[PDB]
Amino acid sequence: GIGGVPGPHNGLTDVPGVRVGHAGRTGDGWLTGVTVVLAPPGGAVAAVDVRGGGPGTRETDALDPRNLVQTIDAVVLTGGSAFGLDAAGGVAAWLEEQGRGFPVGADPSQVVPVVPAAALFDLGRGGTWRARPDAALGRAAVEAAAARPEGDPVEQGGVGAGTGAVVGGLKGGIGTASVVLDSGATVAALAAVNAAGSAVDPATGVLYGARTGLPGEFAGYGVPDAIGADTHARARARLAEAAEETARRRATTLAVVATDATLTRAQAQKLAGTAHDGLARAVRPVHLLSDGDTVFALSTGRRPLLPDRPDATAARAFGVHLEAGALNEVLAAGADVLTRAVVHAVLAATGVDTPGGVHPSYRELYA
């Protein structure tokens, strides 16, 4: 079988045609950035599920399955809370220059790019309150995405929207993961992990998402799957004091899930919804009023959902429905790649220490 393993680089760009670009500013009071997912020319079917109680979003109504524009070119994930939504204007400008957008006239230059965006709260974490992504930083991120080849490994850790991300007091960041289905379709996730809740079991120090991992995928990072009681106790203490200090100095998970399986917009909306179950398995608590958790789902529509002559082993819902069986595989994979991408984010992070926060990484505490 060819399914159940990651794509070539275990990340979002294993979905062919998909590109990822990061732009960020660090130092001199800044700790923030923007991540852009750029669909291949001609666009991708897109949908969204906003599940956190305190979201900051742009252009999500345009992604409702009832609506006019079904395919889009770019999704924007950004720090700077609502102010950071300004970064999407820079991405819309770039798309316009490329002639990519919904056509609104006889002249092919006349397009209106639908650019959905969601933001995470990282204010002041570089030290300077008003240091937030703008249009120019948004443009830089999409230009970085465009300049990459197809199937290019995704950069993880403290980059793009993950630059100032913090997860339960630990340093968060960008993480990504992919899986190939038995049909040959790839499903993949990219997450900027900034949760109010924890990615770590408070009884043991174990990452919640780890048990969803595929064999050996986390070994590149060097953590013992046996964690000593004493190690975990020191870690709790270290995190507690970084949190107290952070508070004296100062005195949301955003994700894209993508597949090359052809989905209608309503099917991509259901995928964005099931991906949130993946988030719940990696972070607890999640979707609170303090979280702006949002998942965008993209389908490049390059592979049929179902092959031409299905076996007796083809998934069938209620033992009869081939299309539902195939979609159930994609949906379940969507949750799983998001769980795994959260773990990668947490393991890929390196700690920070700035005038607006001290946030050690998981590995600094446990590796």
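Residue numbers run from 1 along the displayed sequence.
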Practice prompt. With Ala226 and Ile227 adjacent in the shown sequence, let me know how many deposited residues between them lack coordinates: none, 1 to 3, 4 to 9, or 10 or more.
Written response: none
Fill in: Which of 58-66 and 297-305 has higher mean CA B factor, as the PDB entry lists it
297-305
Worksheet, complete the sentence: Quick note on 94-102 and 270-278: per-entry mean CA temperature factor is higher in 94-102
Discussion item. Among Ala177, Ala237, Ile174, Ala199, where is the Cα B factor highest in this entry?
Written reply: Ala237
Worksheet item: Can you tell me which of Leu190, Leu289, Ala243, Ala117 has the highest Cα temperature factor in the record?
Response: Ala243
Fill in: Position of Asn194 among the chain's modelled residues by C-alpha B-factor, lowest, middle or highest third
middle
Worksheet entry | Assigned third (lowest, middle, highest) for the C-alpha B factor of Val352 | highest
Fill in: Lowest, middle or highest third - CA B-factor, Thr32
middle
Discussion item. Looking at the temperature factor on the CA atom of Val343, which third of the chain's modelled residues does it land in?
Written reply: lowest
Worksheet item: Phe218: which third of its chain by C-alpha temperature factor?
Response: highest
